[PDB]
Amino acid sequence: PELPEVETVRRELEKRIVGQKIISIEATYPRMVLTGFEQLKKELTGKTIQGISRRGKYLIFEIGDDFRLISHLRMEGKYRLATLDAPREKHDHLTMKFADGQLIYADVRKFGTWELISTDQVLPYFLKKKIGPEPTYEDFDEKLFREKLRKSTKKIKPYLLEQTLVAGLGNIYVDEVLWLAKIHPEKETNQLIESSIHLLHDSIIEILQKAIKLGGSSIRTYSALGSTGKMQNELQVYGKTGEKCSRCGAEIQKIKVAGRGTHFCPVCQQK
DNA sequence: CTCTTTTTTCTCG
DNA sequence: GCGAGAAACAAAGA
Ligand SMILES: Nc1ncnc2[nH]c(S)nc12
Ligand SMILES: [Zn+2]
């Protein structure tokens, strides 16, 4: 998932599991708990979920006053709220069991991670990761964004994907943002003019906030939190290779940029 | 059978 | 410090 999908999961979890006491925690893939599974099971069993927050693409469970469980879903991670008697599915790895149901984490590729850290170590954790600002008008300052772009010779798409200029863009939304802002993904950032940077800054906020409002992109929408998204119906370029651009009518092209599949309109996004 | 395709963090030169 | 490519892993399609 990208930031809008993670935010959708966050909202659903906030509505449903806040106030729930964890009865037990089980793992079939304990290796994904980077801070140690037995240690996490010992610390969190019997504790109450107080809230769910998010930073970039990271989900943060607030459990008791002193613990935070940092979860990253990476490429394919999925949570679901299931009955206590629900059968196990092939790629289910972890479960938090409550008195009236359970929260199951599944991940085909086993890339997702869990890390148990203390409340006062959350802000240093994200400082160490060098995560950039949230994509909001309040936190995403265009003036610093402009200065960072001016100083670099990096290509705009991979630089945006680094999460340092702004947090939360992944392959789908970076392609969508660059098409909306009429910028070629291989454009060197120090070549961008002030007006293009302004459009890019606002397009990042607008696309991500629209995707959040629509419940994220669910191209494969089934039996998991955040699966009822409608943003996939609003995609203009991502996965639209060979289809026509809604603005000019040229065919959308797919290329490889820094190892990622990249979808763009060659007319609207001049090299 | 092989090769390619689908977030983060590393090695290598 | 940099870019390129690989690594973690599983599965589907050409
Ligand atoms: N954390 C990242 N660093 C570099 N490139 C990236 N592409 C995506 S998606 N995430 C990252
Ligand atoms: Zn176009």
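Heavy-atom basis, side chains included; hydrogens, waters and symmetry copies ignored. Per chain, numbering begins at 1; letters A, B, ... match sequence-line order.
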Practice task
Work out the sugar pucker of B:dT5 as north or south, treating a positive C1'-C2'-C3'-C4' as north.
Solution key: north
Problem - Rounded P spacing from C:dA6 to B:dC3 in Å - result: 12 Å
Exercise for the section: Assign A:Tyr159 to base, sugar-phosphate, or nothing according to its heavy-atom contacts below 4.0 angstrom with the strands shown. Expected result: nothing
Handout entry: Salt-bridge present (A:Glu188, A:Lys155; N to O < 4.0 Å)
Key = no
Exercise for the section: Respond yes when some side-chain nitrogen or oxygen of A:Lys110 is under 4.0 Å from OP1 or OP2 of C:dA8, and no when none is. Expected result: no
Problem - Minimum heavy-atom distance between A:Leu165 and A:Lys148, given as atom pair plus value - result: CD2-CB, 3.6 Å
Exercise for the section: In whole angstrom, give the distance that lies between atom CE of A:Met32 and atom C1' of B:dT8. Expected result: 14 Å
Handout entry: Sidechain N-carboxylate O distance under 4.0 Å for A:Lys41, A:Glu38
Key = no
Practice task
Have a look at A:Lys254 and say if it touches a base, only the backbone sugar-phosphate, or nothing, with a 4.0 Å heavy-atom cut-off.
Solution key: sugar-phosphate
Handout entry: Interatomic distance, A:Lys155 NZ vs C:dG5 P [rounded to whole Å]
Key = 10 Å
Handout entry: Residue-phosphate contact under 4.0 Å: A:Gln163 side-chain N/O, B:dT8 OP1/OP2
Key = yes
Fill in the blank from the handout: Whole-Å distance, A:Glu76 CD to C:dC9 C1', equals 9 Å
Handout entry: Length of the CD-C1' vector between A:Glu2 and B:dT6, whole Å
Key = 12 Å
Fill in the blank from the handout: Sugar of B:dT6, judged by the sign of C1'-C2'-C3'-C4' (positive north, negative south), puckers north
Handout entry: Distance in angstrom units between A:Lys256 NZ and C:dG5 P, rounded
Key = 10 Å
Problem - Rounded interatomic separation in angstrom, taking CZ from A:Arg74 and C1' from C:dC9 - result: 11 Å
Exercise for the section: Identify whether any heavy atom of A:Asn171 sits under 4.0 Å from a base atom; if not, whether one sits that close to sugar-phosphate; answer base, sugar-phosphate or nothing. Expected result: sugar-phosphate
Problem - A:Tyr29 six-ring centre to A:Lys110 NZ/CZ under 6.0 Å and within 45° of normal - result: yes
Exercise for the section: Working to the nearest 0.5 Å, report the span between CG of A:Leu116 and CZ of A:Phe61. Expected result: 12.0 Å
Exercise for the section: Quick one: label A:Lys90 by what it contacts on the DNA or RNA (base, sugar-phosphate, nothing), any heavy atom closer than 4.0 Å. Expected result: sugar-phosphate
Exercise for the section: Report yes if a side-chain nitrogen or oxygen of A:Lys57 is closer than 4.0 Å to either non-bridging phosphate oxygen (OP1 or OP2) of B:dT8; otherwise report no. Expected result: yes
Exercise for the section: Tell me whether the OP1 or OP2 atom of C:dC9 has a side-chain N or O from A:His91 closer than 4.0 Å. Expected result: no
Handout entry: A:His72 vs B:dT8: side-chain N/O to OP1/OP2 distance below 4.0 Å
Key = yes
Problem - Of A:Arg109 and A:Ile131, the one whose closest DNA chain B nucleotide lies more 5' - result: A:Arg109
Exercise for the section: Please determine if A:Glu162 and A:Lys154 form a salt bridge, counting it only when a charged side-chain N lies under 4.0 Å from a carboxylate O. Expected result: yes
Handout entry: d(CZ, A:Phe111; P, B:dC10) in whole Å
Key = 15 Å
Practice task
Quote, to the nearest angstrom, the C1' distance that separates B:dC10 from C:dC9.
Solution key: 16 Å
Handout entry: For atom NZ of A:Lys154 and atom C1' of C:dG1, their distance in whole Å
Key = 10 Å
Practice task
Looking at every strand, decide which applies to A:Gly259 at a 4.0 Å heavy-atom threshold: base, sugar-phosphate, or nothing.
Solution key: nothing
Exercise for the section: Quick one: label A:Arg260 by what it contacts on the DNA or RNA (base, sugar-phosphate, nothing), any heavy atom closer than 4.0 Å. Expected result: base
Handout entry: Touch class at under 4.0 angstrom, heavy-atom based, for A:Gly112 against every strand present
Key = nothing
